[PDB]
Every structure is written in structure tokens, then in C-alpha cells.
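Take a look at the structure set out below.
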Amino acid sequence: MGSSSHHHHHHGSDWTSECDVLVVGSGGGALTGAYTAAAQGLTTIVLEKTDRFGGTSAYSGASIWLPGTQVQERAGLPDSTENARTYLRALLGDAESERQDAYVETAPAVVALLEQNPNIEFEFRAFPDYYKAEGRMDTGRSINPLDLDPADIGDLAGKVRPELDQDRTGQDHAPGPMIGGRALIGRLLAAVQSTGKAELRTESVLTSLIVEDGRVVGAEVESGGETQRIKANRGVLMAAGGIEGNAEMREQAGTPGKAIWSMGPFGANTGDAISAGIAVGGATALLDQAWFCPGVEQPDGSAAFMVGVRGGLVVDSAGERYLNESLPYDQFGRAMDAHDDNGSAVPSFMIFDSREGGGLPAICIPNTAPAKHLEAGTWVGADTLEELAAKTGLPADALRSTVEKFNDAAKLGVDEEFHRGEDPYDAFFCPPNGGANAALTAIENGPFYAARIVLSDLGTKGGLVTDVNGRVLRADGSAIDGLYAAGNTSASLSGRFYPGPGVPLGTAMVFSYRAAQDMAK
Ligand SMILES: Cc1cc2nc3c(=O)[nH]c(=O)nc-3n(C[C@H](O)[C@H](O)[C@H](O)COP(=O)(O)OP(=O)(O)OC[C@H]3O[C@@H](n4cnc5c(N)ncnc54)[C@H](O)[C@@H]3O)c2cc1C
Ligand SMILES: C[C@]12CCC(=O)C=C1CC[C@@H]1[C@@H]2CC[C@]2(C)C(=O)CC[C@@H]12
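Using the entry's author numbering, the letters of the sequence shown map in sequence onto residues -10 to 510.
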């Protein structure tokens, strides 16, 4: 993978083109880094491997954990840079304290620079922080790009990757404005283009970095069945995602879950940039870690992100509850993996009744029709729990017992076994009703359903070791000159934690910004 400049010269090759800043990828991080470089007058090229910008960032809800900024001040939030620092220190400990500090301390500058652009505006949207710890916001402190009329961004609207409910069925944007990740990437692209210093390319693939005397000076890029050599005078920012789509790297690293279960765009994030970085001496960390979530198994073997659980319960292959089904998706996923004994917890079984007329009582992204799950056998239905356990192969006495015990907890209003519905996260998706506890509803109105739940992800979070300025470090702690990484190309400062909504995009955006500031020196 690693190409030596002297070797290229020897073969008779030279630079196709030159820029100051070369950005690989086009999620929130990449485009934030692109904008930061180009807005202060550095010639910038962005390389997107696929025909659509945005990757998983486009799929996202575009909730962003950038605390203590002018956006939260407009909402009057009771929060601060120091309050957010306390929450991270309480969850993560002293491991990566310097990167924790740079994350919360730089959020305000990133947000102010971006909002100065007429294509970008954010607003606070309530979504709770995920753990009980000092500095938690029960309402959350995360911000979101405003809905975007695609007419405002010209030809860029047709180049944004569409939402999951359209993108895995050969479809483009559904009716209405661009929202969530579509609005984030549409606005960032329009900002990057407005600088007049950036080129935005699709179907341009990083293959290898180019090194001269141990310094990264550019990269080899495929585009139009041809090879190009792009020089980067100040540096290369690699924000091209993780290993989530590469089954071989995940099996080698011991990453739980599976490439086919990842909610990454199929084929996009195959660890190309992590590989390219290792090839020039970059150290790696946390490769067995990912941003986990439970997934509803699909007829085609893929998964759907299961979030905002509103009802049902979940059993292992023994027909027993083992977790709080309302847990934030990353803690849910880690509890599946911790409980899994040669396959008792992957798959798990979501059990629910006809309270939502056949629907599974959660948000599934994307949302496959019950009838297609039932025809494929991913879901099974029956008139009794007895017959449901027979069709699923679950122990019938244990499932019946599990459901009667859960139903007693819903009648009483407290789940003494797993404490479901006693957290602001659990309550956020459960509108207070006539029940003693809105997160606990009895499973008793037939027909009954079991859906197979697997260990999905929203990307992996392991990869190249970086400093507080996004510089890729070798095993000895020294910087690889000219090379930066951010987002899921870099090992997350968050370790084994998913602190709150928007940490993936927030960390990606801050370290892409800091990498561009470092290149501008
Ligand atoms: C339904 C859903 C909702 C989510 N909601 C949120 C949320 O609210 N908040 C949040 O913070 N996170 C959210 N996430 C997760 C979030 O989208 C990701 O964790 C994060 O955006 C990953 O960013 P990245 O830069 O690492 O990867 P990506 O955003 O995937 O960027 C990688 C890009 O680089 C391209 N690329 C890859 N290899 C190459 C190469 N060799 N050359 C050129 N280009 C290449 C890819 O095609 C892709 O376009 C959500 C995820 C899902 C599935
Ligand atoms: C849970 C989540 C993902 C990961 C992340 O980090 C931040 C959030 C909060 C916003 C959620 C989003 C998932 C998709 C959601 C449910 C929508 O369709 C509307 C709001 C949005």
C-alpha cells in the first residue's frame, strides 16, 4: 500500500495535481475539515469513494455532541464546557484526558466558524445523555442542522446519500426537505463549495499514501478507471470511516457483530484509510470496539437499527429476560455480547403483541413491513405464547413464565429484575399513559410475535492513534508528518463508552477542524 516518491519518479510517474489539503471521505468530519481548510484560503480537494457524499453521516439523525457553544446559549441551556468535561471524566476516566479536554474546549470555535457560513445553522434538540453520571443532561445538550430545502444547494442536492429507508431499496430522497444527516451533509457541501477553494469529487478512491523521507506528501487515487497522484503541500486528512464493512478486518480484530449487520452504506467503509495509515507506520487501538446497537434481522441477512423501544420484552435462547430493553442502544448491544454463550444472546428474540397492530414497538431504520419479516421467517407470529415458543424453538414454560412476570411488573409499574423505565432515556420514548409505568406495557393482546435481534453497529470506533490535533502517531508516540485522521478512521477518545447522542459526529467534527487548523500553521 505505502508508495515511495523516489519509486514513483523511477517508474516515470509524476503528480497529476496539487492541493494544500487533501481530504479522504465526505462525512460530517471530512467536510468540516474541508471547510476549515478552504475557508481560510487553503486549496482543498475532497475524495468521496462512492457516487454519493455523506456516508453514514448522511444516514444519521445529525444529532451532534458539541456542548457549551453559542447554539445552546440561544436555547438558554443550563450547561457549560466544564459541566460536559465533568460528564466525560466521570464516564471515561483519565484515559485520553487530553483529547477529552480538546473535544469540549474546541466545540465552541467549530460551531461559531460553521454558523458564520450562510449555508449552516444549528439548533438544540432534546435527546438525553445515555449514562447516570455527574454532568449528565437528562434533556441532552446536542445540536442539529436545520431542515434544508434542496433547492438552496443547487446540483449538490442530487449528490447527497439518501436515508436508509430509500438507500437500501435503490431509491433517492423521499418527499419533503432534507433532514438529519441529509441536511448536515447538504449544508456542509454548500459551505465547502462557497469558499471557492475546494473541489468536491465523487467516485474518487484513496488506494495508497505517498511518502517521501517518512513524510506523507500526497496519495494515489482511482477515478475513471485511471490512477492519479495528488500532492498535499500541508497534509492529508483521512476521515473515511472505519472497518465496519470489512468482515476480514473485523474477524481479525475480534470485533463483535458482523459486516452484513452494520448500518454503514454497503461497500463504503472497508477500512481503506486505516490500512493506508498502518502501511506508513500508524499505530492502531480499540479495533475490537464499535458503536453498537441491536438490529432487527432482515429477510436478506442484513439488520435495521432498533431505537426508541416503546414496548415488548427481549429473551435469550432460554426464553428469559437478561437486560433492560430500554437501555441506550450501545449499552443494549454490549449486554447482548456479554450474555452471548456460543449463541444464547445473538440472536435474541423481541416478544410483542398486537398493541401496534402487528408493528414492532420501536423505531426500525430501515422499516421492513411485518408481512415480509413473517414470510421470510425473521419474525414469527401465533395465537398463543405456547405456539409462539414452538415456532421459535424457545422453551415454552420459561417464555410463558417470563411474559407473566413481565406483565405483573407492568401492572405494578416497577420491573424489579432490570429496572426498566427508571431512567430519563427509557422515559423519553414512552409518553406517560394510564399505566403505572409508560415503559412497561403488558404483552397480552394476541397475536404474539417474536423477531430475531442481532448485534448491529453504526460504524466501528477503532483505528489510527491520533493526538489532540488529529495527527497519526507511530507505536513510539511520534507524529507521521502530513497525515491526520478523524471520525471512525481514528480510535475514539470514547473507549468502550457511547456517552450521549452525537458523540460520533461531534468528535469527528472537532478533530477534523483541529487537523485543518494544524495544517494551516
Ligand atoms: C440510523 C443512524 C442514525 C445515526 N444518528 C447519529 C446521530 O444522531 N449522531 C451521531 O453522532 N451519529 C449518528 N450515527 C452514526 C454516525 O453516522 C457515524 O458514527 C459517523 O458519522 C461516522 O463518520 P465517519 O466519518 O467515521 O464515516 P462516514 O460518515 O461513513 O464517512 C466515510 C466516507 O468516506 C468514504 N470512503 C471510504 N473509504 C474511502 C476511500 N478509500 N477513498 C475515498 N472515500 C472513501 C465512504 O464512502 C463515506 O462516504 C447514526 C447512524 C445511523 C445508522
Ligand atoms: C439516536 C440517534 C442515533 C445516534 C446518535 O448519536 C444520536 C441520535 C439522536 C437522534 C436520533 C438518532 C437516530 C435516528 C433518529 C431516531 C431519528 O430518526 C430522529 C432522531 C434521531
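Where is the CB? At the ideal position from N, CA and C, for every residue including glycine.
Quiz item: Can we count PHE294 as close to ligand 1, meaning its CB is less than 7 Å from some heavy atom?
Solution: Translated into positions along the sequence shown, residue 294 becomes position 305. The answer is yes for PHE294.
Exercise. Report, in whole angstroms, the separation of the C-beta atoms of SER390 and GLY459, which I expect to be a contact under 8 Å.
Key: Numbered from 1 along the sequence shown, position 401 holds the residue referred to as residue 390. Numbered from 1 along the sequence shown, position 470 holds the residue referred to as residue 459. Beta-carbon to beta-carbon, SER390 and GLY459 are separated by about 53 Å, too far to satisfy the 8 Å threshold.
Quiz item: Would the C-beta of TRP368 count as close to ligand 1, meaning under 7 Å from any of its heavy atoms?
Solution: Your numbering for residue 368 matches position 379 in the sequence shown. No; taking the cut-off as 7 Å, the Cβ of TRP368 has no heavy atom of ligand 1 nearer than that.
Exercise. Assign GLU192 to one of three DSSP states: helix, strand, or coil.
Key: Counting from 1 along the sequence shown, the entry for residue 192 is found at position 203. Coil at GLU192, not helix or strand.
Quiz prompt | Reduced DSSP secondary structure (H/G/I, E/B, other) of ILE340 | solution = Numbered from its first residue, the sequence shown carries residue 340 at position 351. Residue state, collapsed to three classes: strand.
Quiz item: Considering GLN217, what are the terminal residues of the beta strand (DSSP E) in which it resides?
Solution: Reading the sequence shown from its first residue, position 228 is the one you call residue 217. Per DSSP, the unbroken beta strand (DSSP E) holding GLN217 starts and ends at 215 to 227.
Practice problem: Could you check which residue in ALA28, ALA47, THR95 and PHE281 has the C-alpha nearest to that of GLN155? | Solution: The residue labelled residue 155 in the question sits at position 166 within the sequence shown. When each option's Cα is compared against that of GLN155, the closest is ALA47.
Quiz item: Which ranges does the alpha helix (DSSP H) cover as unbroken runs of at least 4 residues, wholly within the stretch 401 to 469, from first to last along the chain?
Solution: Counting only runs of 4 or more, we get 413 to 417.
Quiz prompt | Inter-residue spacing [alpha-carbon to alpha-carbon] between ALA101 and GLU433 | solution = Position 112 of the sequence shown holds residue 101. Position 444 of the sequence shown holds residue 433. Near 52 Å, if we compare the C-alpha coordinates of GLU433 and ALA101.
Practice problem: Under 8 Å Cβ to Cβ from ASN356, same chain only, skipping five residues before and after it: list those, please. | Solution: The count along the sequence shown starts at 1 and reaches residue 356 at position 367. Cβ neighbours of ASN356 beyond the five flanking positions: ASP154 and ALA293.
Exercise. Identify which residue in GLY253, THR39, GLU71 and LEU189 has its Cα closest to the Cα of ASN477.
Key: In the sequence shown, residue 477 corresponds to position 488, counting from 1. Of the candidates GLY253, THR39, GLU71 and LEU189, the one whose C-alpha sits nearest the C-alpha of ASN477 is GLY253.
Practice problem: Starting from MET295, trace the alpha helix (DSSP H) both ways and give me its first and last residue. | Solution: Here residue 295 is taken as the residue at index 306 of the sequence shown, counted from 1. No alpha helix (DSSP H) holds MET295; the beta strand (DSSP E) holding it covers 292 to 296.
Exercise. Would you list the one or two residues that DSSP bridges to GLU286?
Key: Locating residue 286 in the sequence shown gives position 297, counting from the first residue. Beta-bridge pairing links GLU286 to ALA292.
Practice problem: Put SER197 into one of helix, strand or coil per three-state DSSP. | Solution: Residue numbering aside, residue 197 sits at position 208 when the sequence shown is read from its first letter. Correct three-state label for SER197: strand.
Quiz prompt | Unbroken alpha helix (DSSP H) run spanning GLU104, endpoints | solution = Working through the sequence shown from its first residue, we reach residue 104 at position 115. Going by DSSP, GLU104 is part of the alpha helix (DSSP H) stretching over 86 to 105.
Quiz item: Counting pairs of beta carbons, one from the stretch 340 to 357 and one from the stretch 268 to 275, are three or more of them closer than 8 Å?
Solution: Contact check between the stretch 340 to 357 and the stretch 268 to 275: fewer than three CB pairs, one atom from each, fall below 8 Å, which does not count as touching.
Exercise. May I ask which residues mark the beginning and end of the alpha helix (DSSP H) holding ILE232?
Key: Start at 1 with the first residue of the sequence shown, and residue 232 comes out as number 243. Segment: none, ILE232 is in no alpha helix (DSSP H) and carries neither H nor E.
Quiz item: In terms of alpha-carbon separation, which member of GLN59, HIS162, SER264 and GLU240 lies closest to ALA474?
Solution: Translated into positions along the sequence shown, residue 474 becomes position 485. It is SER264 whose Cα lies nearest to the Cα of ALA474.
Self-check item: Rounded C-alpha distance that separates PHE255 from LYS400
Solution: Within the sequence shown, the letter at position 266 stands for residue 255. Within the sequence shown, the letter at position 411 stands for residue 400. CA-CA distance, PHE255 to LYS400, rounds to 44 Å.
Quiz item: Tell me the DSSP bridge mates of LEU11?
Solution: By 1-based counting over the sequence shown, the position of residue 11 is 22. For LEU11, which the question treats as bridged, DSSP gives the partners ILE34 and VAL225.
Exercise. Count the C-beta pairs between the stretch 274 to 282 and the stretch 450 to 458 that are closer than 8 Å, then say yes if the count reaches three, no if not.
Key: They touch, by the three-pair rule.
Exercise. Tell me whether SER52 counts as near ligand 2, meaning its Cβ is closer than 7 Å to at least one heavy atom of that ligand.
Key: In the sequence shown, the residue the question calls residue 52 occupies position 63. Closer than 7 Å to some heavy atom of ligand 2: that describes the Cβ of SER52.
Quiz item: Is the number of C-beta pairs between the stretch 479 to 495 and the stretch 37 to 55 that are closer than 8 Å three or more?
Solution: Look at the beta carbons and you see the stretch 479 to 495 touching the stretch 37 to 55: at least three pairs across the two are nearer than 8 Å.
Quiz item: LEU135 and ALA505 look like a contact to me (Cβ under 8 Å); what is the Cβ gap, rounded to whole Å?
Solution: As a position in the sequence shown, residue 135 is number 146, starting the count at 1. As a position in the sequence shown, residue 505 is number 516, starting the count at 1. Contact doesn't hold; Cβ gap of about 24 Å is too wide.
Quiz item: Should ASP319 be labelled buried (16 or more other beta-carbon atoms within 10 Å of its own) or exposed?
Solution: Numbered from its first residue, the sequence shown carries residue 319 at position 330. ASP319 should be labelled buried.
Quiz prompt | DSSP three-state assignment for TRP250, whether helix, strand or coil | solution = In the sequence shown, the residue the question calls residue 250 occupies position 261. For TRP250, the three-state secondary structure derived from DSSP is helix.
Quiz item: Tell me the DSSP bridge mates of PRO134?
Solution: Looking up residue 134 in the sequence shown gives position 145. Paired residue(s): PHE111.
Quiz item: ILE354: beta carbon under 7 Å from a heavy atom of ligand 2?
Solution: Position 365 of the sequence shown, counting from 1, holds the residue named residue 354. Yes; taking the cut-off as 7 Å, the Cβ of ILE354 has a heavy atom of ligand 2 nearer than that.
Quiz item: Within the present structure, is the beta-carbon of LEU36 separated from the nearest heavy atom of ligand 1 by less than 7 Å?
Solution: Translated into the one-based positions of the sequence shown, residue 36 becomes position 47. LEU36: yes, Cβ under 7 Å from ligand 1.
Self-check item: Contact check, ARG218 vs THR5, beta carbons under 8 Å
Solution: For the purposes of this step, residue 218 is taken as the residue at position 229 of the sequence shown. For the purposes of this step, residue 5 is taken as the residue at position 16 of the sequence shown. A contact, by the Cβ cut-off of 8 Å.
Quiz item: When the Cα atoms are used, what is the spatial distance from residue 520 to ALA440?
Solution: Residue coverage of the chain in this structure runs from -10 to 510, which leaves residue 520 outside it and unanswerable.
Quiz item: Span of the beta strand (DSSP E) holding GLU345?
Solution: The residue given as residue 345 occupies position 356 in the sequence shown. If you look at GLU345, you'll find it isn't in any beta strand (DSSP E); DSSP assigns it neither H nor E.
Quiz item: Whole-angstrom Cβ separation of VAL12 and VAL35, contact assumed at under 8 Å?
Solution: Here residue 12 refers to the residue found at position 23 when the sequence shown is read from its first residue. Here residue 35 refers to the residue found at position 46 when the sequence shown is read from its first residue. That pair is a contact at about 5 Å.
Self-check item: Cutoff 7 Å; reference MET238; Cβ partners in own chain excluding five residues on either side
Solution: Here the question's residue 238 lines up with position 249 in the sequence shown. If we look at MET238 and ignore the five residues flanking it on each side, its Cβ neighbours are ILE232 and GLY260.
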